[PDB]
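Trainee: Dumping the structure here so I can ask a few things about it.
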Amino acid sequence: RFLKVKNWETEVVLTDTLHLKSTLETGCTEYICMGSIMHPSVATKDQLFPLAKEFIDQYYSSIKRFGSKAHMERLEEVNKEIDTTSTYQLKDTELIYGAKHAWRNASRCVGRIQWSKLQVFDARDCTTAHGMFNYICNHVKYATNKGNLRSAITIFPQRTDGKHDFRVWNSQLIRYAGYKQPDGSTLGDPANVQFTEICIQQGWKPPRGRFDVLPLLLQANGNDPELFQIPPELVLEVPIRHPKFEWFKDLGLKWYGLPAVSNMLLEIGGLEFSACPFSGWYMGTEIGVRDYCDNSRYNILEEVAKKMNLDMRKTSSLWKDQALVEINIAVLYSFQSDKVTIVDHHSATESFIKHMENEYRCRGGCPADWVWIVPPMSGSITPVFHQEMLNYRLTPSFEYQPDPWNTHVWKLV
Amino acid sequence: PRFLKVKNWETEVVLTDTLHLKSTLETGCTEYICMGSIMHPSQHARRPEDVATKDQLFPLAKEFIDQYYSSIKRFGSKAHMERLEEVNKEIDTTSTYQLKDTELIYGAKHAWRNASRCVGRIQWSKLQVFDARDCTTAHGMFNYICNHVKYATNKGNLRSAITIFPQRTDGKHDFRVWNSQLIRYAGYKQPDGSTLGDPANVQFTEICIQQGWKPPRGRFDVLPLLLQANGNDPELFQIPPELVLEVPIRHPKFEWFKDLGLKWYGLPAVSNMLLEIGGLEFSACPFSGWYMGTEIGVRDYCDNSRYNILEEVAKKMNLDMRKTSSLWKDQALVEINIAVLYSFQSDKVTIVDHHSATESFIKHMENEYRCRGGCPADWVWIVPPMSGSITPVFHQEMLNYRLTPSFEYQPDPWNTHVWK
Ligand code: HEM
Ligand code: HEM
Ligand SMILES: CNCc1cc(F)c(F)c(-c2cc(C)cc(N)n2)c1
Ligand SMILES: CNCc1cc(F)c(F)c(-c2cc(C)cc(N)n2)c1
Ligand SMILES: C[C@H](O)[C@H](O)[C@H]1CNc2nc(N)[nH]c(=O)c2N1
Ligand SMILES: C[C@H](O)[C@H](O)[C@H]1CNc2nc(N)[nH]c(=O)c2N1
Ligand SMILES: [Zn+2]
């Protein structure tokens, strides 16, 4: 069985063979499609043998050493551990191959043309929150690279019994605080209200300002998480100004420069890495459309259109649209001026289409999520809009996981 | 399964979907692979392409009559059981059956209601059905279409209408509108390599000139109708222009915009789909509503393979066009959709912007979950081609499934027509 996807802008057609090699579900059924559902739906020794065999097989295939003496020895070696220890350990090479392919298989990621240039920071020797703080700081300093961003992931000890998980309680490493006011308004980032509350509660002395960098909240080996303030000289920030509008700098906006996801789970060979913060660089619309303009978030459209003398009475004037465009010009122009790496939604999408042709050619497919790949503004004038994409889940994968405050049971009396 | 919840990540509203249990045919998806962005994911059809046997056709018929009498508080009534036997006899002697007039309107309004790709479904029960099953010629098809176009245009106060020609019989006597929409502009290939007019319609314009249409060869030449009746060679007809409402596009601020020289037509009328009810297939069924602004201004004007007027506009706006990062396409694309909306409203011609229309679809969604237990939706299609995340629907989970009666795709007839 093969499968064809079409680009209706170019008529190009690709043949996905790779979809045959996927295992866990997409959510969809034969008769219902869950392609827009955000979240649809500890392994024993016997569970873990075939998963590990799948990954070791895949690894030695990738390096044209399948069925070799070095392959068949490793297979025996992994079974020895799963028999003995009821788990096993990845070699360093495997953990780099695994982290890279988990990015490769991220169907919601438009930046995967860069996947093979991932810097893997092995942190599986870490034992304390202070250890995690150190590793993360060096990750940030490395990845930030004085505005010239580099992709990296730092991987902490895998799961054991689920009672001793390393976790980064932050959703991303660098995020701004939210505080809800007595009158009901929200200062800073309304998304991080709940997380700001935990921080404050644990010790944090908040500045109570509009762009406070949250502290890291870190859990090592299943113990109560611990607070740490990222040294400010390592948090690269960009103050947002518009090249046409002088008044724009007076909106007082900035953003962090380094997008670093820390709440997800890295699954390689049946092993789960519950704290695996990874990072790259930003696409313009992530800040300019979602962070700044979503009604749940910084929600600055009215403020901006007002300073634009826009008729904000009826919707058909497209004031919201007109203002959104200007704001993403601000974000790109601001980053570019402070020489902070960034990619606009056009450049990014054109790259992804090339990556996708490329991947269908050497790899035989590339699982994509149209609902996520298409930018959240100017959708149809980017090429991915006209690109049919097959969605399936390959492993290694990045996975969602419970929020650790809903699950953790506290030590401290 | 048992109940699937959908959720709106901007209001945390959750909706519980049971309507999907009554879904009859495949989506294209499997538990191991999602096809939600394939345009034609499936070829699962409820009956073979040609005249079907009794056990092939009756059960679909039994399915629809049963659902219709259910819809109107019967089921088991004398009129329902007499109907079931009437469809039995009628298939037992003509290999098809005929829909009562109540039955025909029910299915039509429900094919719209079930159309998961239509953001405009909140109006579904206010459809006007023109029964055209007594039709026998391309000339009759032209008369019926003409009245439709006049009723629906209503001097700019658009009304939704569908006109239903005779159901497919053995397949060789198909009725077909060969136009994709009733009113579309022409596409002319240029001797250099460029294109004049709407390049989506080049292959069609060719067939029309080839059939003897004398092309005026401009950028907004309304195309002729090519109408096929009872399997016979199709016939050209010019729609009288006093019936084709057109809006010249101007801009409320840029007075230079009127000189781009663009207009659009007011009546979106889809005429190439196949309406299916109780296993019957109405291969010709033009239907019309009113435009969402983006359709014209985002897709029609701004796709590369369409009119592609982006750079020509950005020039007049004097935009930084060296590199993408200046968002010059983004910037022009907004002015264009403001222009379109402003022109339609200034000519009192019905139109709906993307914000109003998407909000309404959220309300439709509630209405449907409250009374029906669900509402099938195609997120990929419902979200507008610009400014997605600032509209309500971008943040709303949607469940997609195939209910019958439905509107189906069908091959372009010239791929499958045996000319006379
Ligand atoms: C190098 C430049 C990168 C760019 C431009 C980029 C871009 C993006 C964007 C725009 C999204 C959508 C996220 C959202 O809107 O919430 C995304 C999702 C994602 N990216 Fe990338 N990314 C990059 C690097 C990486 C790296 C290094 C990894 C993994 C190590 C990664 C893995 C993912 C994953 C797993 C998702 C899905 C997020 C989710 O499902 O919530 N990306 N990416
Ligand atoms: C009354 C106002 C209406 C609005 C605002 C509206 C809006 C839309 C839009 C914007 C699309 C996507 C079109 C595209 O980009 O190709 C669509 C699709 C569709 N609409 Fe509606 N529509 C309306 C009326 C109707 C009516 C009267 C019918 C049938 C009686 C209908 C049936 C459909 C179908 C079947 C599709 C899918 C088209 C396809 O698959 O190619 N709509 N609608
Ligand atoms: C919870 N949604 C996931 C999510 C939220 C964000 F804010 C992000 F920034 C990214 C993201 C991640 C990477 C590695 C690069 C990039 N450009 N974006 C992903
Ligand atoms: C080929 N896809 C279908 C398609 C193409 C178009 F050009 C349209 F205009 C519409 C359409 C149809 C109706 C009834 C209302 C509306 N607002 N749009 C649909
Ligand atoms: C590949 C993708 O599914 C395809 O381009 C679809 C996406 N969604 C769409 N949505 C609408 N309304 N109209 C379209 O033509 C498309 N095209
Ligand atoms: C419900 C729907 O799946 C949800 O709104 C998704 C749509 N696509 C997205 N795409 C990106 N990149 N980010 C998002 O948060 C979302 N949200
Ligand atoms: Zn699906």
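Simple scheme: letters A, B, ... for chains in structure tokens order, numbers from 1 for residues in each chain, numbers from 1 for ligands in the order shown.
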Which residues of chain A are close to chain B, meaning at most 8 Å apart when you count only C-alpha atoms, and how do they look as a count of residues only?
Mentor: 57
Trainee: Using only C-alpha atoms and all ligand atoms, which protein or nucleic acid residues are at most 8 Å from ligand 2, as a PyMOL selection string?
Mentor: chain B and resi 108-109+111-112+115-121+123-124+127+159-162+270+273+287-292+294-295+299+351-352+357+381-382+384+406-409
Trainee: Identify, on the basis of only C-alpha atoms, every residue whose closest approach to range 276-278 of chain A does not exceed 7 Å; exclude the query and any residue fewer than 6 positions from it along the same chain; express the result as a PyMOL selection string.
Mentor: chain A and resi 152-156+260-262+265-266
Trainee: With N, CA, C and O atoms retained, write the just-selected residues as a tab-separated table (two decimals), in the first residue's frame.
Mentor:
```tsv
chain	number	residue	atom	x	y	z
A	152	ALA	N	18.91	23.10	20.78
A	152	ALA	CA	19.46	22.25	21.80
A	152	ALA	C	18.33	21.60	22.56
A	152	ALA	O	17.20	22.09	22.58
A	153	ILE	N	18.65	20.46	23.17
A	153	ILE	CA	17.77	19.79	24.10
A	153	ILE	C	18.65	19.21	25.20
A	153	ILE	O	19.77	18.77	24.94
A	154	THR	N	18.16	19.26	26.44
A	154	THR	CA	18.86	18.73	27.59
A	154	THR	C	17.99	17.67	28.26
A	154	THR	O	16.89	17.97	28.72
A	155	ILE	N	18.50	16.45	28.35
A	155	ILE	CA	17.71	15.29	28.72
A	155	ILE	C	18.16	14.79	30.09
A	155	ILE	O	19.32	14.39	30.26
A	156	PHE	N	17.24	14.77	31.03
A	156	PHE	CA	17.43	14.35	32.41
A	156	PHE	C	17.02	12.90	32.59
A	156	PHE	O	16.45	12.28	31.69
A	260	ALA	N	11.73	27.76	24.46
A	260	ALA	CA	12.26	26.52	25.03
A	260	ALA	C	11.16	25.73	25.74
A	260	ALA	O	10.74	26.09	26.84
A	261	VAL	N	10.70	24.64	25.14
A	261	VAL	CA	9.59	23.89	25.70
A	261	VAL	C	10.12	22.95	26.77
A	261	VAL	O	11.09	22.22	26.53
A	262	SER	N	9.49	22.96	27.94
A	262	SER	CA	9.98	22.13	29.04
A	262	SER	C	8.94	21.20	29.65
A	262	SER	O	9.29	20.42	30.54
A	265	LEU	N	7.37	15.29	27.05
A	265	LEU	CA	7.97	14.01	27.41
A	265	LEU	C	8.62	13.37	26.19
A	265	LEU	O	7.95	13.16	25.18
A	266	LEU	N	9.90	13.02	26.31
A	266	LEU	CA	10.67	12.43	25.22
A	266	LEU	C	10.67	10.91	25.36
A	266	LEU	O	11.13	10.39	26.37
```
Trainee: Counting only C-alpha atoms and all ligand atoms, give me one row per residue of chain A with an atom at most 9 Å from an atom of ligand 3, showing the shortest contact pair and its distance in Å to one decimal, sorted by chain then residue number, as CSV.
Mentor:
```
residue,atom,partner,partner_atom_place_in_ligand_line,distance
A:108,CA,ligand 3,3 (C),9.0
A:109,CA,ligand 3,15 (C),8.0
A:110,CA,ligand 3,17 (N),8.6
A:111,CA,ligand 3,17 (N),7.4
A:151,CA,ligand 3,14 (C),7.7
A:152,CA,ligand 3,14 (C),8.6
A:153,CA,ligand 3,14 (C),8.9
A:171,CA,ligand 3,1 (C),7.1
A:172,CA,ligand 3,7 (F),6.9
A:175,CA,ligand 3,7 (F),8.7
A:258,CA,ligand 3,9 (F),8.0
A:259,CA,ligand 3,9 (F),4.4
A:260,CA,ligand 3,14 (C),5.4
A:261,CA,ligand 3,12 (C),5.5
A:263,CA,ligand 3,1 (C),8.0
A:264,CA,ligand 3,1 (C),8.7
A:277,CA,ligand 3,14 (C),8.7
A:278,CA,ligand 3,14 (C),5.7
A:279,CA,ligand 3,14 (C),3.9
A:280,CA,ligand 3,14 (C),4.5
A:281,CA,ligand 3,17 (N),5.0
A:282,CA,ligand 3,17 (N),3.8
A:283,CA,ligand 3,17 (N),5.2
A:284,CA,ligand 3,17 (N),8.5
A:286,CA,ligand 3,9 (F),6.7
A:287,CA,ligand 3,7 (F),8.2
A:290,CA,ligand 3,7 (F),8.9
A:291,CA,ligand 3,7 (F),8.1
A:342,CA,ligand 3,17 (N),8.5
A:343,CA,ligand 3,17 (N),8.7
```
Trainee: For each of B:125, B:40, B:165, B:249, take the minimum atom-to-atom distance to ligand 5, counting only C-alpha atoms and all ligand atoms, then give the residue where this is smallest.
Mentor: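 Ranked by minimum distance to ligand 5, first place goes to B:40.
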Trainee: Which distance in Å separates CA of residue 396 in chain A and CA of residue 267 in chain A, to one decimal?
Mentor: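 These atoms are spaced 5.4 Å apart.
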Trainee: Going by DSSP on the backbone, which bits of range 107-266 of chain B are helix (DSSP H, G or I)? Write them as a ChimeraX atom specification, please.
Mentor: /B:107-113,121-123,138-156,199-210,241-243,255-260
Trainee: CA of residue 401 in chain A and CA of residue 222 in chain A are how many Å apart?
Mentor: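 Going from CA of residue 401 in chain A over to CA of residue 222 in chain A covers 15.4 Å.
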Trainee: Find the residues near residue 236 in chain A: any atom within 8 Å, counting only C-alpha atoms, skip ones fewer than 5 places away on the same chain, and give them as a list in words.
Mentor: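 Listed by chain and then number, they are residues 144, 146, 147, 256, 257 and 258 of chain A.
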Trainee: Using only C-alpha atoms, which residues sit within 9 Å of residue 355 in chain A once same-chain residues fewer than 2 positions away are excluded, as a PyMOL selection string?
Mentor: chain A and resi 111-114+350-353+357-360+366
Trainee: Any chance you can output those residues with N, CA and C atoms as a PDB file, in the first residue's frame?
Mentor:
```pdb
ATOM      1  N   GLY A 111       9.379  23.776  11.865  1.00  0.00           N
ATOM      2  CA  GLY A 111      10.792  24.053  11.739  1.00  0.00           C
ATOM      3  C   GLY A 111      11.692  22.853  11.520  1.00  0.00           C
ATOM      4  N   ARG A 112      11.118  21.695  11.203  1.00  0.00           N
ATOM      5  CA  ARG A 112      11.872  20.444  11.132  1.00  0.00           C
ATOM      6  C   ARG A 112      12.927  20.374   9.997  1.00  0.00           C
ATOM      7  N   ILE A 113      13.064  21.359   9.107  1.00  0.00           N
ATOM      8  CA  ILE A 113      14.151  21.286   8.143  1.00  0.00           C
ATOM      9  C   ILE A 113      15.502  21.280   8.844  1.00  0.00           C
ATOM     10  N   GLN A 114      15.572  21.821  10.052  1.00  0.00           N
ATOM     11  CA  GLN A 114      16.805  21.926  10.818  1.00  0.00           C
ATOM     12  C   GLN A 114      17.073  20.723  11.727  1.00  0.00           C
ATOM     13  N   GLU A 350       7.802  28.207   3.485  1.00  0.00           N
ATOM     14  CA  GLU A 350       8.515  27.810   2.276  1.00  0.00           C
ATOM     15  C   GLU A 350       9.580  26.767   2.608  1.00  0.00           C
ATOM     16  N   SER A 351      10.333  26.984   3.686  1.00  0.00           N
ATOM     17  CA  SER A 351      11.311  25.989   4.110  1.00  0.00           C
ATOM     18  C   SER A 351      10.638  24.646   4.358  1.00  0.00           C
ATOM     19  N   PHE A 352       9.513  24.657   5.082  1.00  0.00           N
ATOM     20  CA  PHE A 352       8.883  23.389   5.437  1.00  0.00           C
ATOM     21  C   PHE A 352       8.467  22.592   4.205  1.00  0.00           C
ATOM     22  N   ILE A 353       7.955  23.265   3.163  1.00  0.00           N
ATOM     23  CA  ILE A 353       7.568  22.554   1.943  1.00  0.00           C
ATOM     24  C   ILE A 353       8.783  21.883   1.302  1.00  0.00           C
ATOM     25  N   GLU A 357       9.155  17.868   0.697  1.00  0.00           N
ATOM     26  CA  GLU A 357       9.573  17.186  -0.519  1.00  0.00           C
ATOM     27  C   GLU A 357      10.809  16.332  -0.229  1.00  0.00           C
ATOM     28  N   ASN A 358      11.839  16.954   0.353  1.00  0.00           N
ATOM     29  CA  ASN A 358      13.060  16.257   0.747  1.00  0.00           C
ATOM     30  C   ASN A 358      12.760  14.984   1.533  1.00  0.00           C
ATOM     31  N   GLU A 359      11.944  15.095   2.587  1.00  0.00           N
ATOM     32  CA  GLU A 359      11.657  13.937   3.430  1.00  0.00           C
ATOM     33  C   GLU A 359      10.901  12.843   2.677  1.00  0.00           C
ATOM     34  N   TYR A 360       9.966  13.207   1.796  1.00  0.00           N
ATOM     35  CA  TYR A 360       9.290  12.164   1.033  1.00  0.00           C
ATOM     36  C   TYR A 360      10.243  11.460   0.078  1.00  0.00           C
ATOM     37  N   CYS A 366       6.578  12.194   5.622  1.00  0.00           N
ATOM     38  CA  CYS A 366       6.843  13.169   6.652  1.00  0.00           C
ATOM     39  C   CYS A 366       5.505  13.489   7.292  1.00  0.00           C
TER      40      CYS A 366
END
```
Trainee: Hey, what does DSSP flag as strand (DSSP E or B) within range 92-161 of chain B? Can you give it to me as a PyMOL selection string?
Mentor: chain B and resi 128-131+161
Trainee: Go ahead and write the selection's residues with N, CA, C and O atoms as a PDB file, in the first residue's frame.
Mentor:
```pdb
ATOM      1  N   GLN B 128     -34.374  27.881  -0.171  1.00  0.00           N
ATOM      2  CA  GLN B 128     -35.456  27.850  -1.148  1.00  0.00           C
ATOM      3  C   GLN B 128     -35.164  26.753  -2.176  1.00  0.00           C
ATOM      4  O   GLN B 128     -34.112  26.764  -2.823  1.00  0.00           O
ATOM      5  N   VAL B 129     -36.079  25.790  -2.295  1.00  0.00           N
ATOM      6  CA  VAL B 129     -35.912  24.623  -3.157  1.00  0.00           C
ATOM      7  C   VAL B 129     -36.725  24.838  -4.417  1.00  0.00           C
ATOM      8  O   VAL B 129     -37.956  24.961  -4.357  1.00  0.00           O
ATOM      9  N   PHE B 130     -36.057  24.843  -5.559  1.00  0.00           N
ATOM     10  CA  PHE B 130     -36.730  24.863  -6.847  1.00  0.00           C
ATOM     11  C   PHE B 130     -36.673  23.453  -7.414  1.00  0.00           C
ATOM     12  O   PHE B 130     -35.607  22.980  -7.814  1.00  0.00           O
ATOM     13  N   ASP B 131     -37.818  22.781  -7.418  1.00  0.00           N
ATOM     14  CA  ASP B 131     -37.939  21.480  -8.059  1.00  0.00           C
ATOM     15  C   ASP B 131     -37.932  21.652  -9.574  1.00  0.00           C
ATOM     16  O   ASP B 131     -38.800  22.326 -10.143  1.00  0.00           O
ATOM     17  N   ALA B 161     -30.788  29.519  -2.385  1.00  0.00           N
ATOM     18  CA  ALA B 161     -31.632  28.711  -3.241  1.00  0.00           C
ATOM     19  C   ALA B 161     -30.819  27.558  -3.788  1.00  0.00           C
ATOM     20  O   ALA B 161     -29.589  27.626  -3.889  1.00  0.00           O
TER      21      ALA B 161
END
```
Trainee: When distances are computed from only C-alpha atoms and all ligand atoms, which of B:255, B:347, B:300, B:235 shows the smallest separation from ligand 5?
Mentor: B:300
Trainee: Would you list the contacts of range 414-416 of chain B as an MDAnalysis selection string, taking every protein, DNA or RNA residue within 12 Å and counting only C-alpha atoms, but skipping same-chain residues closer than 6 positions in sequence?
Mentor: chainID B and resid 171:172 174 176:179 203:204 206:208 226:228 231 233:234 272
Trainee: Mind giving me the straight-line distance from CA of residue 104 in chain B to CA of residue 269 in chain B in Å, one decimal?
Mentor: 19.5 Å
Trainee: Residues near residue 93 in chain A, anyone? I mean within 12 Å using only C-alpha atoms, not counting same-chain ones fewer than 5 positions away, as a list in words.
Mentor: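 The neighbour list is residues 56, 59, 60, 62, 63, 98, 99, 100, 120, 121 and 122 of chain A.
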Trainee: Write a file of the just-selected residues containing N, CA, C and O atoms, as a tab-separated table (two decimals), in the first residue's frame.
Mentor:
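Saved to out.tsv:
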```tsv
chain	number	residue	atom	x	y	z
A	56	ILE	N	16.23	-0.18	18.64
A	56	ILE	CA	17.59	-0.62	18.33
A	56	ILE	C	17.68	-1.08	16.87
A	56	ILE	O	18.61	-0.72	16.15
A	59	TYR	N	17.73	2.01	14.82
A	59	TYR	CA	18.99	2.74	14.93
A	59	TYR	C	20.05	2.12	14.04
A	59	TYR	O	20.70	2.82	13.25
A	60	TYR	N	20.23	0.80	14.15
A	60	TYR	CA	21.29	0.16	13.38
A	60	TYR	C	20.97	0.18	11.89
A	60	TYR	O	21.89	0.21	11.07
A	62	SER	N	19.50	2.84	10.50
A	62	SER	CA	19.83	4.20	10.09
A	62	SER	C	21.29	4.35	9.68
A	62	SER	O	21.60	5.16	8.81
A	63	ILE	N	22.18	3.57	10.29
A	63	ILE	CA	23.62	3.71	10.09
A	63	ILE	C	24.19	2.58	9.22
A	63	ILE	O	25.39	2.31	9.27
A	98	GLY	N	18.01	9.39	18.97
A	98	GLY	CA	16.63	9.39	19.42
A	98	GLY	C	16.05	10.78	19.58
A	98	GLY	O	14.93	11.05	19.16
A	99	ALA	N	16.81	11.69	20.20
A	99	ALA	CA	16.33	13.05	20.37
A	99	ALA	C	16.15	13.74	19.02
A	99	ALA	O	15.23	14.55	18.85
A	100	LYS	N	17.02	13.45	18.06
A	100	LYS	CA	16.88	14.08	16.75
A	100	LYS	C	15.66	13.56	16.02
A	100	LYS	O	14.95	14.32	15.36
A	120	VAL	N	22.63	17.87	21.67
A	120	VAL	CA	22.03	17.03	22.70
A	120	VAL	C	22.88	17.12	23.95
A	120	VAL	O	24.05	16.69	23.95
A	121	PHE	N	22.31	17.66	25.00
A	121	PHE	CA	23.01	17.77	26.27
A	121	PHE	C	22.58	16.61	27.16
A	121	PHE	O	21.45	16.60	27.67
A	122	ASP	N	23.47	15.64	27.33
A	122	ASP	CA	23.18	14.46	28.15
A	122	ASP	C	23.26	14.84	29.62
A	122	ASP	O	24.34	15.15	30.14
```
Trainee: Given only C-alpha atoms and all ligand atoms as the basis, pick out the residue of B:12, B:105, B:262, B:142 nearest to ligand 6.
Mentor: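 Closest to ligand 6 of all the choices is B:12.
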